[PDB]
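**Student:** structure, please.
(8 chains, ligands or ions: 4)
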Amino acid sequence: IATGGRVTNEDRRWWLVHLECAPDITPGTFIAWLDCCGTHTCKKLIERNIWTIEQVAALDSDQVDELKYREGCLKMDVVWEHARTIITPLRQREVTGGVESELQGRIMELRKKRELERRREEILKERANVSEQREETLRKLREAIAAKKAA
Amino acid sequence: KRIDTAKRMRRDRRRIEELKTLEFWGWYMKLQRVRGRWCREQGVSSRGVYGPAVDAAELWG
Amino acid sequence: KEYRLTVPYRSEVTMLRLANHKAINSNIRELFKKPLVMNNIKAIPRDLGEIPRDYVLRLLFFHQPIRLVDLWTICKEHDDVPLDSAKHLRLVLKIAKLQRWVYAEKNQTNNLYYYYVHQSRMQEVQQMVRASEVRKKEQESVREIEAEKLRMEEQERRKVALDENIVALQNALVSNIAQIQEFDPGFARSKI
Amino acid sequence: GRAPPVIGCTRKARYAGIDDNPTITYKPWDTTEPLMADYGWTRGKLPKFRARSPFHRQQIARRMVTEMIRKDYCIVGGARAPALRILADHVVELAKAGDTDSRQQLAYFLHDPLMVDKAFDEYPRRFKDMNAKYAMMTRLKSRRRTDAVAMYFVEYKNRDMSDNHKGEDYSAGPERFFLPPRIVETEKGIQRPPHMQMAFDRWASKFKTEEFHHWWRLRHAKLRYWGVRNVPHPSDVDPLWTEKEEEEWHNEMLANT
Amino acid sequence: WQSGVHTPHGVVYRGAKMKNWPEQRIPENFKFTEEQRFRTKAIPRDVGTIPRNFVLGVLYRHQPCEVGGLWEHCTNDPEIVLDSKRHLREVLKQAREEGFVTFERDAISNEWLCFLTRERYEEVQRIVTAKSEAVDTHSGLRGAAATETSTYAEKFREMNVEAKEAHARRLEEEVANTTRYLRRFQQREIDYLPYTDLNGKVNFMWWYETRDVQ
Amino acid sequence: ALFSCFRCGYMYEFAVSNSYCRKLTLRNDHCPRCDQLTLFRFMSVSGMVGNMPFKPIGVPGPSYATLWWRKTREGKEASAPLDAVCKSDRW
Amino acid sequence: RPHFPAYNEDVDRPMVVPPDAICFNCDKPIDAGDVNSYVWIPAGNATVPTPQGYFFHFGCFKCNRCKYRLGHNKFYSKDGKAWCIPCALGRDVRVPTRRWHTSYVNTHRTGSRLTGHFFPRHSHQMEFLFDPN
RNA sequence: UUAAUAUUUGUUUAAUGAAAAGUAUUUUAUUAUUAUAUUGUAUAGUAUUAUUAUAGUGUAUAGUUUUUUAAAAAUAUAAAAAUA
Ligand SMILES: [Mg+2]
Ligand SMILES: [Zn+2]
Ligand SMILES: [Zn+2]
Ligand SMILES: [Zn+2]
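**Tutor:** Numbers count the residues shown, from 1 in each chain, chains lettered A, B, ... in the order given. Ligands and ions are numbered 1, 2, ... in the order given. Okay, here it is:
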């Protein structure tokens, strides 16, 4: 993300609406997922013992200044703003997963699973029954051939 | 005489080259040993501008 | 002038093709490409004599007959073969024909090798190979006896190895006891 | 949708800007990584100095970077100077990264593993407090007489923060090419790393033999037979290294400690 | 190597530690992304003379070994030089490439065992004996202590076969106990420094020291 | 490239760049089995160090001998005795 | 055009100089790797004597009966000694016009390198690579 | 005059003994061994320091060390897509 030099409400809304495109991202995921988090930034954060988006969001402005003007992290402000912007829905995902659960429901989850297994069993039962009918028709052909040979 | 002289010259050249290569490898190993000693004494580590925490993480090798 | 040579990052095959130096373990094909008066590559030393002769004699008396390609494939199928190429096989068979060991008779459309001149000596060599196989079986029985002897020797080795383990662990134990006595001798005096 | 008025990658002029139109264009390799850049006359590429082929150009670049890391500076000519400066920046970037892949890449590129080690030892601590532009390029007012090409002095910036080359003076070269470089009067008591000192001592003692004097006179004879002017006769030449000169140079080296 | 990112939380390897490597605490909610876990690159361990000799000494102590209990035996060994199970696996691979040890599979227990090759068994025995003599020369004791140790060694030698086996089991379990106790007082620091050989290849030179921790 | 020891046949792999084309035929390298400096010969060919222009990283690629040499020392039947101790994918 | 591979791969069966190594005409020990004064003729066979190829000295690679060089650089093993084809076939002793007591042959299997065993050795070795197992 | 011309441009060496040919001021060229007078050892040719390894033996890892230049047209080589 460019941000043109400063993080704005449009960038925060961008991150918020892109949070849908990452359902498996928890508040405890690694720091390389945040935008503009290069290898230098990630190594400096690991030196600071920062392995988590929560630990990035819990940083202080003085620590961010130290990381940006004494360590060499250019987009440290952008990484920190991204973390602070996305940290609040991540806590909800971790504690309950509200936006992920209230829209589907365990009832619909189990319904989908049961219908999936029933359809998968029916697909094979169709072939089982058609093979049974084929064997029955083969036996009927054998009986008809025996009758014709007797005739 | 030509055959024997040529073979002897080539053999002696090969042996001198082997000795030279062995000595140079030994000297380079001693050089690396002295370099490691000096780096450990002065605190220099050729593991980047970072500290030992990055190597402990060993996410980059 | 070559694109592979002008390319900034040369491949290993491209660097091999530049090994025109007459040296040990060099590019033999790139050194053979240049004339014989330029490259010092003498004729191929092909080992002839009884070593390939008896081998091909056994392998041919087994089948009696086989074509040249079939003989080469059957030989290559094995592991130990004194023959390096089908041309080597051809030269060995030609020398054997000259010495009246094998004779090649042409069928409707192909040639097959047979043993008709030394058929008695061929059967003698086959019986010698069979007796060598029987001696190999007897040596395998002797190797089973020597394996029982080696099991006894391995029991002795296990004895000396457990003795070495005891004398080592006792050394490690006393070293650790000395270290613990240096640090806090209370645990050392408790263990005695 | 339609196509641009000029479709496909068409070579533009040297000073023509970008077009910013949808065009399927592929790069030869990933040039974003250090020492893997491409040479060209567009702005996205390094200025390709003259060479018989891209392979020859890369070989020239490798020897340039090797000598640059060796003696902390290099006097080059023409379009070689921007490429040398950018590649020195790339080397410093790899050294500050300090990965095993970075070590292996700098070893693949350089001609000297000892120089690879020297770079990875010195450059991190030397340019830890710098963001970019680790090398300085100065266009000289004197030109190479043979081809009238513009000369450029390329060097590294943090001279004082370095272990080697601490206090070295480049206003004038040494007395001999095998002697240690000049040192300012203020930094006379400086000390060099022992491994680099031993390497330099070995390379310098290489030239203290009589076979080198024979090579020197034979080079005089060769360049005189090849038509090169202002080359004296091997009878009039004199050795670069003698006993009394070596004695006084050893005295000066012990003075500089 | 950290306890949370490279291994599940709560586990720890009782072995030599790397010098100046901080054992920083990683939160429990830490998890790697499926794409980020692929591009992880570990530093190369030391498969050199000291680690291969240590592993060969363990494999000579336990004749034969099994790949499951090999790490436990290495941890019980007093002078452990291995860093972790990755270092152990790399040293095993190097020994297999050099031909010191071979890997077989028992058809009874369906498990992989590590046997010592017949051609290299003599060199392994020589290395073990040299290491024993070096440990004896380095170990310090008074006259009475040396006399008591010699008497105990003579008694263990004069003991019977099964008596010697039970004595060896007791001795190795007491060695394991005293090593677990002494580890709390001192550890083994492994230090490394990369360099490049004349062939342009990057390899590390390693030092192994012992440092007291209180 | 893949090199073997002249004395014992120990084999190790290492890519050769354009700065070491002179050392592609014969390498004077320290042998871990011989425990001293031995001469190494060129055995099989690897792809390359750099990249072929407008060609992927796989081009050209190693020969069948290099691919077979790797598969015998690291693969399904090779890492199976080693997957029970550490499972290299993990620590 | 040459129709033979270069740098024969010995990954299937490595061809190395043995520690103990005697001659065929001489039955005396030779230098192992320090000097290439010997002549190595490898064929990938453990057949006695001197498995994975016998060895000859440069000076002694000559026929043992007539003490002369070889015609086409091809010797004949005769009860442990190396003879020439005119000697083995029973023809008269022919003095060559060229060098008498030494033959044109390279050192350290350089002349016998372009022919022999290459990669792959057997058919079951290729299917080992192309199969996932 | 062409001619502000064409042409040259010296930044990286993979190979080993004669004779014809060449006479270039080898100041004592070599320093010695053996024995035994005398005699002679360095450099081609194609009008040149030129597309040039004179193939008489012989075999070999000594890297056995002179090729400028910052965009273009035409031309010369080499490569040149999931179109035919
Ligand atoms: Mg001429
Ligand atoms: Zn070896
Ligand atoms: Zn011989
Ligand atoms: Zn003969």
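**Student:** how about residue E:47, what does it touch?
**Tutor:** Residues near residue E:47 by C-beta atoms under 8 Å, 6 or more residues apart in numbering or on different chains: E:90-91, E:93-94. To be clear about C-beta, it is placed using only N, CA and C from the backbone, and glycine gets the same treatment.
**Student:** now for these: which two are most distant?
**Tutor:** Farthest pair in these (C-beta to C-beta) is E:91 and E:93. Separation: 7.3 Å.
**Student:** those two: who's more crowded?
**Tutor:** residue E:91 (25 against 20; other C-beta atoms under 10 Å in any protein chain shown).
**Student:** contacting residues around residue 27?
**Tutor:** You didn't pick a chain, so chain A it is. Per C-beta under 8 Å, 6+ apart, neighbours of residue A:27: A:52-54, A:87, A:90-91, A:93-94, E:29.
**Student:** nope, chain C please
**Tutor:** By C-beta under 8 Å, 6+ apart, the contact set of residue C:27 is C:16-17, C:19-20, F:25, G:6-7.
**Student:** repeat that for 6 Å
**Tutor:** C:16, C:19, G:6 (C-beta atoms under 6 Å, 6 or more residues apart in numbering or on different chains).
**Student:** would you map the helices across chain E?
**Tutor:** All helices of chain E, identified by DSSP state H, fall at E:34-38, E:49-61, E:70-76, E:85-98, E:121-138, E:143-158, E:161-182.
**Student:** need the ones you listed in CSV with distance to ligand 4, can you?
**Tutor:** Shown next, in CSV, are the helices of chain E (distance: least, C-beta to the ion, whole Å):
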stretch, distance to ligand 4
helix E:34-38, 69
helix E:49-61, 53
helix E:70-76, 62
helix E:85-98, 46
helix E:121-138, 45
helix E:143-158, 66
helix E:161-182, 65
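**Student:** not counting sequence-adjacent ones, nearest residue to residue A:41?
**Tutor:** Nearest-residue entry for residue A:41: residue A:73, 4.5 Å, with adjacent residues in sequence omitted and distances by C-beta to C-beta, 6 or more residues apart in numbering or on different chains.
**Student:** ok, residue D:124 - how many residues close by?
**Tutor:** Per other C-beta under 10 Å, the neighbour tally for residue D:124 reads 21.
**Student:** quick one: it from chain E, how far?
**Tutor:** 13 Å (C-beta to the nearest C-beta, to the nearest Å).
**Student:** that residue touches residue B:50, doesn't it?
**Tutor:** No - assessed by C-beta atoms under 6 Å, residue D:124 is found out of contact with residue B:50, at 8.5 Å.
**Student:** and residue G:61, what is it in contact with?
**Tutor:** With C-beta under 6 Å, 6+ apart, residue G:61 has these contacts: G:39, G:103, G:105.
**Student:** if we can go back for a sec, now render the helices of chain E as TSV, adding distance to residue D:41.
**Tutor:** Formatted as TSV, the helices of chain E follow (distance: least, C-beta to C-beta, whole Å):
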stretch	distance to residue D:41
helix E:34-38	38
helix E:49-61	54
helix E:70-76	60
helix E:85-98	49
helix E:121-138	63
helix E:143-158	81
helix E:161-182	68
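**Student:** compare those and give me the one nearest chain F.
**Tutor:** Of all the helices of chain E, it is helix E:85-98 that lies closest to chain F, at 3.7 Å by C-beta to the nearest C-beta.
**Student:** ok and that closest one relative to helix E:49-61, angle-wise?
**Tutor:** If you take axes from the mean of the first three to the mean of the last three C-alpha atoms, to 10 degrees, helix E:85-98 sits at 80 degrees to helix E:49-61.
**Student:** now helix E:85-98 against helix E:121-138, angle please.
**Tutor:** For helix E:85-98 against helix E:121-138, the angle by the same axes, to 10 degrees is 130 degrees.
**Student:** so helix E:85-98, near chain F or not?
**Tutor:** Yes - against chain F, helix E:85-98 shows contacts by C-beta under 6 Å from any C-beta of the partner chain at E:85-86, E:89, E:98.
**Student:** pull out the buried positions in that helix.
**Tutor:** By 16 or more other C-beta atoms under 10 Å in any protein chain shown, the buried positions in helix E:85-98 come out as E:85-98.
**Student:** do stretch B:32-48 as well
**Tutor:** B:32, B:35-36, B:38-39, B:44-48.
**Student:** same check, this time on stretch C:12-23
**Tutor:** Going by 16+ other C-beta under 10 Å, stretch C:12-23 has these buried residues: C:12-17, C:19.
**Student:** among those residues, which ones are in helices?
**Tutor:** Reading helices off the buried residues of stretch C:12-23 with DSSP H, I get C:12-16.
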